[PDB]
$ cat upload16.txt   # compact mmCIF, N, CA and C atoms
# COMPACT_ATOMS: atom_id res chain seq x y z
N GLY A 1 149.32 191.54 199.58
CA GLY A 1 149.32 190.16 200.05
C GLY A 1 148.47 189.94 201.29
N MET A 2 149.05 190.21 202.45
CA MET A 2 148.33 190.16 203.72
C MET A 2 148.88 191.28 204.59
N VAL A 3 148.10 191.67 205.61
CA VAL A 3 148.57 192.71 206.53
C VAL A 3 149.82 192.22 207.24
N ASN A 4 150.90 192.97 207.09
CA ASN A 4 152.16 192.67 207.74
C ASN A 4 152.12 193.29 209.13
N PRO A 5 152.13 192.50 210.20
CA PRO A 5 152.04 193.09 211.55
C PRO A 5 153.21 193.99 211.90
N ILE A 6 154.40 193.75 211.34
CA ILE A 6 155.52 194.66 211.56
C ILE A 6 155.17 196.05 211.04
N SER A 7 154.63 196.11 209.82
CA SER A 7 154.24 197.39 209.23
C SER A 7 153.09 198.02 209.98
N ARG A 8 152.09 197.22 210.37
CA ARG A 8 150.94 197.76 211.09
C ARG A 8 151.38 198.41 212.40
N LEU A 9 152.23 197.72 213.16
CA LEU A 9 152.71 198.27 214.43
C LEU A 9 153.56 199.51 214.21
N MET A 10 154.44 199.49 213.19
CA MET A 10 155.25 200.66 212.87
C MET A 10 154.38 201.87 212.55
N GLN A 11 153.32 201.67 211.76
CA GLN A 11 152.46 202.79 211.37
C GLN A 11 151.69 203.34 212.56
N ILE A 12 151.25 202.46 213.46
CA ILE A 12 150.54 202.92 214.65
C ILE A 12 151.46 203.76 215.53
N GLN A 13 152.70 203.30 215.74
CA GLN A 13 153.63 204.07 216.56
C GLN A 13 153.95 205.42 215.93
N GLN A 14 154.10 205.46 214.60
CA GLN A 14 154.32 206.73 213.92
C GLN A 14 153.14 207.67 214.11
N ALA A 15 151.90 207.17 214.00
CA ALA A 15 150.76 208.07 214.17
C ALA A 15 150.67 208.59 215.59
N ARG A 16 151.08 207.78 216.57
CA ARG A 16 151.09 208.23 217.96
C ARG A 16 152.31 209.10 218.27
N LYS A 17 153.21 209.26 217.31
CA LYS A 17 154.45 210.02 217.50
C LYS A 17 155.27 209.45 218.65
N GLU A 18 155.20 208.15 218.83
CA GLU A 18 155.89 207.45 219.90
C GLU A 18 157.15 206.79 219.35
N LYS A 19 157.98 206.31 220.26
CA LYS A 19 159.20 205.62 219.86
C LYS A 19 158.85 204.41 218.99
N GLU A 20 159.65 204.20 217.94
CA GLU A 20 159.43 203.06 217.05
C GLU A 20 159.69 201.74 217.78
N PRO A 21 159.08 200.65 217.33
CA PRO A 21 159.29 199.37 218.02
C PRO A 21 160.73 198.91 217.94
N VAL A 22 161.16 198.21 218.99
CA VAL A 22 162.50 197.65 219.07
C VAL A 22 162.38 196.14 219.08
N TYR A 23 163.08 195.49 218.15
CA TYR A 23 163.08 194.04 218.04
C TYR A 23 164.41 193.50 218.53
N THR A 24 164.35 192.39 219.26
CA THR A 24 165.52 191.76 219.87
C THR A 24 165.44 190.26 219.63
N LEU A 25 166.53 189.67 219.15
CA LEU A 25 166.57 188.21 219.05
C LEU A 25 166.75 187.63 220.45
N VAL A 26 165.84 186.75 220.83
CA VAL A 26 165.91 186.13 222.14
C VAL A 26 166.71 184.84 222.08
N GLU A 27 166.47 184.01 221.06
CA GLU A 27 167.14 182.71 221.01
C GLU A 27 166.97 182.10 219.62
N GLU A 28 167.93 181.25 219.25
CA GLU A 28 167.79 180.32 218.15
C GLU A 28 168.00 178.96 218.78
N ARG A 29 167.02 178.08 218.64
CA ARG A 29 167.12 176.79 219.30
C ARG A 29 166.54 175.70 218.42
N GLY A 30 166.86 174.47 218.77
CA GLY A 30 166.29 173.32 218.09
C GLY A 30 167.26 172.64 217.14
N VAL A 31 167.04 171.35 216.95
CA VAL A 31 167.88 170.49 216.13
C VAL A 31 167.17 170.22 214.81
N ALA A 32 167.91 170.31 213.70
CA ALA A 32 167.45 169.85 212.39
C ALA A 32 166.13 170.52 212.01
N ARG A 33 165.07 169.77 211.74
CA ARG A 33 163.81 170.36 211.28
C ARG A 33 163.10 171.16 212.36
N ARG A 34 163.55 171.09 213.61
CA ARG A 34 162.93 171.81 214.71
C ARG A 34 163.61 173.14 215.00
N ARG A 35 164.57 173.56 214.17
CA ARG A 35 165.23 174.83 214.40
C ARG A 35 164.23 175.97 214.32
N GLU A 36 164.27 176.85 215.31
CA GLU A 36 163.35 177.97 215.36
C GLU A 36 164.02 179.16 216.02
N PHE A 37 163.41 180.32 215.80
CA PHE A 37 163.84 181.58 216.37
C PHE A 37 162.78 182.10 217.33
N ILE A 38 163.23 182.72 218.42
CA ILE A 38 162.36 183.42 219.36
C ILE A 38 162.75 184.88 219.28
N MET A 39 161.79 185.73 218.94
CA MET A 39 162.02 187.16 218.84
C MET A 39 161.19 187.88 219.88
N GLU A 40 161.66 189.05 220.30
CA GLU A 40 160.92 189.91 221.21
C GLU A 40 160.76 191.28 220.58
N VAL A 41 159.63 191.93 220.85
CA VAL A 41 159.40 193.29 220.40
C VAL A 41 158.87 194.10 221.57
N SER A 42 159.29 195.36 221.65
CA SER A 42 158.82 196.26 222.69
C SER A 42 158.37 197.54 222.01
N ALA A 43 157.21 198.06 222.41
CA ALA A 43 156.71 199.34 221.93
C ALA A 43 155.59 199.78 222.86
N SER A 44 155.47 201.09 223.02
CA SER A 44 154.35 201.69 223.74
C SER A 44 154.19 201.14 225.15
N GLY A 45 155.29 200.81 225.82
CA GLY A 45 155.24 200.40 227.20
C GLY A 45 154.98 198.93 227.44
N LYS A 46 154.89 198.12 226.39
CA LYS A 46 154.65 196.70 226.54
C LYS A 46 155.63 195.95 225.67
N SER A 47 155.75 194.64 225.92
CA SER A 47 156.62 193.78 225.14
C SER A 47 155.92 192.45 224.89
N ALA A 48 156.34 191.77 223.83
CA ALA A 48 155.76 190.47 223.50
C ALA A 48 156.81 189.66 222.78
N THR A 49 156.63 188.35 222.80
CA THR A 49 157.52 187.44 222.09
C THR A 49 156.77 186.71 220.99
N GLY A 50 157.54 186.15 220.07
CA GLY A 50 156.99 185.34 218.99
C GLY A 50 158.01 184.34 218.50
N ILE A 51 157.51 183.24 217.95
CA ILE A 51 158.35 182.11 217.54
C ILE A 51 158.04 181.74 216.10
N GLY A 52 159.09 181.39 215.35
CA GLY A 52 158.93 180.97 213.97
C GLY A 52 160.17 180.30 213.41
N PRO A 53 160.05 179.66 212.24
CA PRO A 53 161.20 178.96 211.66
C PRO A 53 162.22 179.86 210.99
N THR A 54 161.91 181.14 210.80
CA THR A 54 162.89 182.13 210.38
C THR A 54 162.79 183.32 211.31
N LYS A 55 163.84 184.15 211.29
CA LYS A 55 163.83 185.35 212.10
C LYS A 55 162.67 186.26 211.71
N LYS A 56 162.43 186.43 210.41
CA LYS A 56 161.36 187.33 210.00
C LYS A 56 159.98 186.81 210.40
N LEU A 57 159.75 185.49 210.30
CA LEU A 57 158.47 184.95 210.74
C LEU A 57 158.28 185.10 212.24
N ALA A 58 159.35 184.90 213.03
CA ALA A 58 159.25 185.10 214.47
C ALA A 58 158.99 186.57 214.79
N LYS A 59 159.61 187.48 214.04
CA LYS A 59 159.40 188.91 214.22
C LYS A 59 157.94 189.26 213.98
N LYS A 60 157.35 188.70 212.93
CA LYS A 60 155.94 188.96 212.64
C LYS A 60 155.04 188.44 213.74
N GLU A 61 155.34 187.25 214.27
CA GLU A 61 154.53 186.73 215.36
C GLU A 61 154.65 187.60 216.60
N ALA A 62 155.85 188.10 216.89
CA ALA A 62 156.02 188.98 218.04
C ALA A 62 155.20 190.25 217.87
N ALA A 63 155.26 190.87 216.68
CA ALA A 63 154.49 192.08 216.43
C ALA A 63 153.00 191.82 216.56
N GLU A 64 152.54 190.70 216.03
CA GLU A 64 151.13 190.34 216.14
C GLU A 64 150.72 190.21 217.60
N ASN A 65 151.55 189.54 218.41
CA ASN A 65 151.22 189.38 219.82
C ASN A 65 151.24 190.71 220.56
N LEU A 66 152.15 191.62 220.21
CA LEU A 66 152.17 192.92 220.85
C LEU A 66 150.95 193.76 220.46
N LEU A 67 150.55 193.72 219.18
CA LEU A 67 149.37 194.46 218.76
C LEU A 67 148.14 194.02 219.55
N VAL A 68 148.01 192.72 219.81
CA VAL A 68 146.90 192.22 220.63
C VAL A 68 147.02 192.73 222.06
N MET A 69 148.23 192.69 222.62
CA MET A 69 148.45 193.16 223.98
C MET A 69 148.11 194.64 224.13
N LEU A 70 148.36 195.43 223.09
CA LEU A 70 148.10 196.86 223.12
C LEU A 70 146.64 197.20 222.84
N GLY A 71 145.80 196.20 222.60
CA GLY A 71 144.37 196.42 222.41
C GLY A 71 143.95 196.68 220.99
N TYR A 72 144.81 196.44 220.01
CA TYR A 72 144.50 196.75 218.63
C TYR A 72 143.94 195.57 217.86
N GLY A 73 143.80 194.42 218.50
CA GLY A 73 143.19 193.26 217.87
C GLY A 73 144.13 192.55 216.92
N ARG A 74 143.68 191.38 216.48
CA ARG A 74 144.43 190.58 215.52
C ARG A 74 144.37 191.22 214.14
N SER A 75 145.50 191.17 213.43
CA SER A 75 145.69 191.64 212.06
C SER A 75 147.19 191.76 211.84
N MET B 1 168.67 180.76 192.96
CA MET B 1 168.96 179.86 191.84
C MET B 1 168.40 178.44 191.98
N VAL B 2 168.46 177.85 193.19
CA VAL B 2 167.82 176.55 193.41
C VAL B 2 166.32 176.67 193.23
N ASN B 3 165.75 175.78 192.43
CA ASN B 3 164.30 175.75 192.22
C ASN B 3 163.64 175.06 193.40
N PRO B 4 162.87 175.79 194.22
CA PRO B 4 162.26 175.15 195.39
C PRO B 4 161.26 174.07 195.04
N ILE B 5 160.64 174.13 193.85
CA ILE B 5 159.77 173.05 193.41
C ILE B 5 160.56 171.75 193.34
N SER B 6 161.74 171.80 192.71
CA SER B 6 162.59 170.61 192.59
C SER B 6 163.10 170.17 193.95
N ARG B 7 163.51 171.12 194.78
CA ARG B 7 164.02 170.77 196.10
C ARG B 7 162.97 170.03 196.92
N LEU B 8 161.73 170.54 196.93
CA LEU B 8 160.66 169.90 197.68
C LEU B 8 160.32 168.54 197.10
N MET B 9 160.27 168.42 195.77
CA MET B 9 159.98 167.13 195.15
C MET B 9 161.01 166.09 195.55
N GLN B 10 162.29 166.47 195.54
CA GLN B 10 163.36 165.52 195.86
C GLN B 10 163.33 165.13 197.33
N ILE B 11 163.02 166.08 198.21
CA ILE B 11 162.92 165.76 199.63
C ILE B 11 161.79 164.77 199.88
N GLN B 12 160.62 165.00 199.26
CA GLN B 12 159.50 164.08 199.45
C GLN B 12 159.82 162.69 198.93
N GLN B 13 160.49 162.61 197.77
CA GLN B 13 160.89 161.31 197.24
C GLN B 13 161.84 160.59 198.19
N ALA B 14 162.84 161.31 198.73
CA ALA B 14 163.81 160.68 199.62
C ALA B 14 163.16 160.20 200.92
N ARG B 15 162.11 160.89 201.38
CA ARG B 15 161.36 160.47 202.56
C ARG B 15 160.36 159.36 202.27
N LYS B 16 160.23 158.94 201.02
CA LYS B 16 159.25 157.94 200.60
C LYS B 16 157.82 158.39 200.89
N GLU B 17 157.58 159.70 200.82
CA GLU B 17 156.28 160.29 201.09
C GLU B 17 155.58 160.64 199.77
N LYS B 18 154.28 160.96 199.89
CA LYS B 18 153.50 161.41 198.74
C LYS B 18 154.11 162.68 198.15
N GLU B 19 154.09 162.76 196.82
CA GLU B 19 154.60 163.92 196.11
C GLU B 19 153.74 165.15 196.43
N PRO B 20 154.31 166.35 196.33
CA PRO B 20 153.51 167.55 196.62
C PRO B 20 152.37 167.73 195.63
N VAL B 21 151.28 168.33 196.11
CA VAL B 21 150.10 168.63 195.30
C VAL B 21 149.94 170.15 195.25
N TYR B 22 149.88 170.70 194.04
CA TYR B 22 149.75 172.14 193.82
C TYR B 22 148.34 172.48 193.34
N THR B 23 147.82 173.61 193.82
CA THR B 23 146.48 174.07 193.49
C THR B 23 146.53 175.56 193.18
N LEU B 24 146.00 175.96 192.03
CA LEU B 24 145.84 177.38 191.72
C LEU B 24 144.65 177.94 192.50
N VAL B 25 144.90 178.97 193.29
CA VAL B 25 143.88 179.55 194.15
C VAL B 25 143.17 180.72 193.49
N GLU B 26 143.91 181.61 192.85
CA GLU B 26 143.33 182.84 192.32
C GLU B 26 144.31 183.50 191.38
N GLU B 27 143.79 184.28 190.44
CA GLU B 27 144.62 185.21 189.69
C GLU B 27 143.99 186.59 189.79
N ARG B 28 144.74 187.56 190.29
CA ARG B 28 144.19 188.90 190.45
C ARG B 28 145.22 189.92 189.99
N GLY B 29 145.15 191.13 190.54
CA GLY B 29 146.10 192.17 190.21
C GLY B 29 145.50 193.25 189.33
N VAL B 30 146.30 193.79 188.42
CA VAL B 30 145.90 194.91 187.56
C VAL B 30 146.39 194.71 186.13
N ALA B 31 147.11 195.69 185.59
CA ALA B 31 147.54 195.67 184.20
C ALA B 31 148.56 194.56 183.93
N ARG B 32 149.81 194.93 183.65
CA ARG B 32 150.83 193.92 183.44
C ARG B 32 151.22 193.23 184.75
N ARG B 33 150.98 193.90 185.88
CA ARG B 33 151.31 193.35 187.19
C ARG B 33 150.24 192.34 187.60
N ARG B 34 150.43 191.10 187.17
CA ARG B 34 149.56 190.00 187.53
C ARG B 34 149.95 189.44 188.89
N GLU B 35 148.96 188.91 189.61
CA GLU B 35 149.18 188.33 190.93
C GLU B 35 148.52 186.96 190.92
N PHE B 36 149.34 185.91 190.89
CA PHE B 36 148.85 184.54 190.91
C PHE B 36 149.04 184.04 192.33
N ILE B 37 148.06 183.32 192.85
CA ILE B 37 148.12 182.74 194.18
C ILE B 37 148.07 181.24 194.02
N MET B 38 149.13 180.56 194.46
CA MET B 38 149.24 179.11 194.41
C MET B 38 149.28 178.55 195.82
N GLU B 39 148.80 177.33 195.96
CA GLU B 39 148.87 176.61 197.23
C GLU B 39 149.55 175.27 196.98
N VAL B 40 150.31 174.80 197.97
CA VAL B 40 150.95 173.49 197.88
C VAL B 40 150.77 172.74 199.19
N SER B 41 150.58 171.42 199.11
CA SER B 41 150.47 170.57 200.28
C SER B 41 151.47 169.43 200.14
N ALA B 42 152.18 169.13 201.23
CA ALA B 42 153.08 167.98 201.29
C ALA B 42 153.46 167.75 202.75
N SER B 43 153.68 166.48 203.10
CA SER B 43 154.21 166.11 204.41
C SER B 43 153.35 166.64 205.55
N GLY B 44 152.03 166.69 205.35
CA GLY B 44 151.12 167.07 206.41
C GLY B 44 150.91 168.55 206.60
N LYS B 45 151.49 169.40 205.75
CA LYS B 45 151.36 170.84 205.88
C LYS B 45 151.02 171.43 204.52
N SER B 46 150.57 172.68 204.54
CA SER B 46 150.26 173.38 203.31
C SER B 46 150.73 174.82 203.42
N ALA B 47 150.98 175.45 202.27
CA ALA B 47 151.40 176.84 202.26
C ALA B 47 150.94 177.48 200.97
N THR B 48 150.85 178.80 200.98
CA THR B 48 150.52 179.55 199.78
C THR B 48 151.70 180.41 199.36
N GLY B 49 151.65 180.85 198.12
CA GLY B 49 152.66 181.76 197.59
C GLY B 49 152.08 182.61 196.48
N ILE B 50 152.67 183.78 196.29
CA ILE B 50 152.16 184.76 195.34
C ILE B 50 153.31 185.13 194.42
N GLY B 51 152.99 185.37 193.15
CA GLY B 51 153.99 185.76 192.19
C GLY B 51 153.36 186.34 190.95
N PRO B 52 154.16 187.01 190.11
CA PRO B 52 153.62 187.63 188.89
C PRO B 52 153.35 186.66 187.75
N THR B 53 153.80 185.42 187.84
CA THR B 53 153.40 184.37 186.92
C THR B 53 153.00 183.17 187.75
N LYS B 54 152.31 182.22 187.11
CA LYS B 54 151.95 181.00 187.82
C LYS B 54 153.20 180.28 188.32
N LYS B 55 154.24 180.19 187.49
CA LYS B 55 155.43 179.45 187.91
C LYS B 55 156.13 180.13 189.08
N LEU B 56 156.20 181.46 189.07
CA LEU B 56 156.81 182.17 190.19
C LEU B 56 156.00 182.00 191.47
N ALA B 57 154.67 182.01 191.36
CA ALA B 57 153.84 181.77 192.54
C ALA B 57 154.02 180.36 193.05
N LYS B 58 154.15 179.40 192.14
CA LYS B 58 154.39 178.01 192.52
C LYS B 58 155.70 177.88 193.28
N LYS B 59 156.75 178.54 192.79
CA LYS B 59 158.04 178.49 193.47
C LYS B 59 157.95 179.13 194.85
N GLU B 60 157.23 180.24 194.97
CA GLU B 60 157.07 180.87 196.27
C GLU B 60 156.30 179.97 197.23
N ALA B 61 155.27 179.29 196.74
CA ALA B 61 154.52 178.37 197.60
C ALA B 61 155.41 177.25 198.10
N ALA B 62 156.21 176.66 197.20
CA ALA B 62 157.12 175.58 197.60
C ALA B 62 158.14 176.08 198.59
N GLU B 63 158.67 177.28 198.38
CA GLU B 63 159.64 177.85 199.31
C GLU B 63 159.02 178.03 200.69
N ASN B 64 157.79 178.55 200.75
CA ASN B 64 157.14 178.77 202.04
C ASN B 64 156.84 177.44 202.73
N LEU B 65 156.49 176.40 201.97
CA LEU B 65 156.26 175.10 202.57
C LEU B 65 157.55 174.48 203.09
N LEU B 66 158.64 174.61 202.32
CA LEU B 66 159.93 174.09 202.80
C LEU B 66 160.32 174.74 204.12
N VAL B 67 160.09 176.04 204.24
CA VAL B 67 160.38 176.73 205.50
C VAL B 67 159.49 176.22 206.62
N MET B 68 158.19 176.06 206.35
CA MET B 68 157.27 175.56 207.36
C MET B 68 157.67 174.17 207.83
N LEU B 69 158.18 173.34 206.92
CA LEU B 69 158.57 171.97 207.22
C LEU B 69 159.94 171.86 207.89
N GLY B 70 160.65 172.96 208.08
CA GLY B 70 161.91 172.92 208.79
C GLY B 70 163.14 172.69 207.94
N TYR B 71 163.04 172.85 206.63
CA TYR B 71 164.18 172.62 205.75
C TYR B 71 164.94 173.90 205.41
N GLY B 72 164.51 175.04 205.94
CA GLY B 72 165.21 176.29 205.73
C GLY B 72 164.90 176.92 204.38
N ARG B 73 165.32 178.17 204.26
CA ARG B 73 165.12 178.92 203.03
C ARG B 73 166.01 178.37 201.92
N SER B 74 165.57 178.62 200.68
CA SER B 74 166.13 178.08 199.44
C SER B 74 165.87 176.58 199.29
$ encode --input "upload16.txt" --output "structure tokens"
Amino acid sequence: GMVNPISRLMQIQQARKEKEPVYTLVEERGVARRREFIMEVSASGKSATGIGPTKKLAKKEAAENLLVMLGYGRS
Amino acid sequence: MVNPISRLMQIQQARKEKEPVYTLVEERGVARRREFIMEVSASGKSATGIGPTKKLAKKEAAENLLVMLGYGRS
């Protein structure tokens, strides 16, 4: 389908033999059609957040933002 | 069990908005494992979905659009 940033980050951490990423729910907020989730991910000494209308979409955004922070580029 | 195509159609009708528009994007894959890519637009947003038949891809596209529009899964 498309590159899953959760999987991409997991595979990078495995190749580095480093601790696997840790995901944390930060918040569920919003009324009616504006309901959204804020997720956080930490790996390799950095952390990032992401937002989406489901927990899994927010998790993917967090992983994508962390991959960018770690210097691995968008994907 | 709920058909997301029907759910999205009914929501658009109740909002008095334009009905959803579906577009076949691609058919790929391999042997029996077909991969159909469908796109749907409604209510100012669009989404894609993938499935082993056109109808399953259509349902996935509608489901992804319903989520994008804030109506939740299913």
$ select_by_dssp --input "upload16.txt" --residues "chain B" --states "helix (DSSP H, G or I)" --output "list in words"
residues 4, 5, 6, 7, 8, 9, 10, 11, 12, 13, 14, 54, 55, 56, 57, 58, 59, 60, 61, 62, 63, 64, 65, 66, 67 and 68 of chain B
$ closest_residue --input "upload16.txt" --among "A:62, A:9, A:57, A:51" --to "residue 30 in chain A" --atoms "only C-alpha atoms"
A:51
$ interface_residues --input "upload16.txt" --of "chain A" --to "chain B" --cutoff "9 Å" --atoms "only C-alpha atoms" --output "count of residues only"
9
$ axis_aligned_box --input "upload16.txt" --around "range 12-22 of chain A" --padding-each-side "5 Å" --output "lines of an AutoDock Vina configuration file"
center_x = 156.5
center_y = 203.1
center_z = 216.9
size_x = 22.0
size_y = 23.9
size_z = 16.8
$ residues_around --input "upload16.txt" --residues "range 12-18 of chain A" --least-positions-apart "5" --cutoff "8 Å" --atoms "only N, CA and C atoms" --output "ChimeraX atom specification"
/A:6-7,43-44
$ atom_distance --input "upload16.txt" --atom1 "atom C of residue 26 in chain B" --atom2 "CA of residue 63 in chain A"
28.4 Å
$ closest_residue --input "upload16.txt" --among "A:27, A:39, A:45, A:73" --to "residue 59 in chain A" --atoms "all atoms listed in the file"
A:39
$ atom_distance --input "upload16.txt" --atom1 "CA of residue 63 in chain B" --atom2 "CA of residue 5 in chain B"
7.6 Å
$ atom_distance --input "upload16.txt" --atom1 "atom N of residue 25 in chain B" --atom2 "atom N of residue 5 in chain A"
22.8 Å
$ select_by_dssp --input "upload16.txt" --residues "range 14-71 of chain A" --states "strand (DSSP E or B)" --output "list in words"
residues 22, 23, 24, 25, 26, 27, 28, 29, 36, 37, 38, 39, 40, 41, 42, 43, 46, 47, 48, 49, 50, 51 and 52 of chain A
$ residues_near_point --input "upload16.txt" --point "(154.0, 180.6, 188.8)" --cutoff "12 Å" --atoms "only C-alpha atoms" --output "VMD selection string"
chain B and resid 3 to 5 22 to 27 34 to 40 48 to 62
$ decode --input "upload16.txt" --residues "range 4-15 of chain B" --atoms "N, CA and C atoms" --output "PDB file, in the first residue's frame"
ATOM      1  N   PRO B   4     -20.086   0.939   4.459  1.00  0.00           N
ATOM      2  CA  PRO B   4     -19.704   2.359   4.533  1.00  0.00           C
ATOM      3  C   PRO B   4     -20.141   3.158   3.322  1.00  0.00           C
ATOM      4  N   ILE B   5     -20.307   2.520   2.156  1.00  0.00           N
ATOM      5  CA  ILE B   5     -20.855   3.216   0.997  1.00  0.00           C
ATOM      6  C   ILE B   5     -22.238   3.753   1.325  1.00  0.00           C
ATOM      7  N   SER B   6     -23.093   2.903   1.906  1.00  0.00           N
ATOM      8  CA  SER B   6     -24.447   3.318   2.268  1.00  0.00           C
ATOM      9  C   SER B   6     -24.421   4.362   3.371  1.00  0.00           C
ATOM     10  N   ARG B   7     -23.564   4.165   4.364  1.00  0.00           N
ATOM     11  CA  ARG B   7     -23.487   5.117   5.464  1.00  0.00           C
ATOM     12  C   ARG B   7     -23.119   6.510   4.961  1.00  0.00           C
ATOM     13  N   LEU B   8     -22.103   6.593   4.098  1.00  0.00           N
ATOM     14  CA  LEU B   8     -21.681   7.879   3.557  1.00  0.00           C
ATOM     15  C   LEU B   8     -22.759   8.494   2.677  1.00  0.00           C
ATOM     16  N   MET B   9     -23.420   7.684   1.842  1.00  0.00           N
ATOM     17  CA  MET B   9     -24.488   8.207   0.999  1.00  0.00           C
ATOM     18  C   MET B   9     -25.598   8.816   1.842  1.00  0.00           C
ATOM     19  N   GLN B  10     -25.986   8.131   2.923  1.00  0.00           N
ATOM     20  CA  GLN B  10     -27.081   8.609   3.759  1.00  0.00           C
ATOM     21  C   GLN B  10     -26.692   9.875   4.509  1.00  0.00           C
ATOM     22  N   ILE B  11     -25.439   9.953   4.966  1.00  0.00           N
ATOM     23  CA  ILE B  11     -24.984  11.160   5.646  1.00  0.00           C
ATOM     24  C   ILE B  11     -25.010  12.355   4.701  1.00  0.00           C
ATOM     25  N   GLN B  12     -24.525  12.175   3.467  1.00  0.00           N
ATOM     26  CA  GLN B  12     -24.533  13.279   2.512  1.00  0.00           C
ATOM     27  C   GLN B  12     -25.948  13.726   2.186  1.00  0.00           C
ATOM     28  N   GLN B  13     -26.872  12.772   2.023  1.00  0.00           N
ATOM     29  CA  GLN B  13     -28.264  13.127   1.777  1.00  0.00           C
ATOM     30  C   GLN B  13     -28.853  13.923   2.936  1.00  0.00           C
ATOM     31  N   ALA B  14     -28.595  13.487   4.178  1.00  0.00           N
ATOM     32  CA  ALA B  14     -29.146  14.182   5.339  1.00  0.00           C
ATOM     33  C   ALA B  14     -28.578  15.591   5.480  1.00  0.00           C
ATOM     34  N   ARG B  15     -27.332  15.807   5.052  1.00  0.00           N
ATOM     35  CA  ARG B  15     -26.716  17.131   5.068  1.00  0.00           C
ATOM     36  C   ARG B  15     -27.138  17.994   3.893  1.00  0.00           C
TER      37      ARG B  15
END
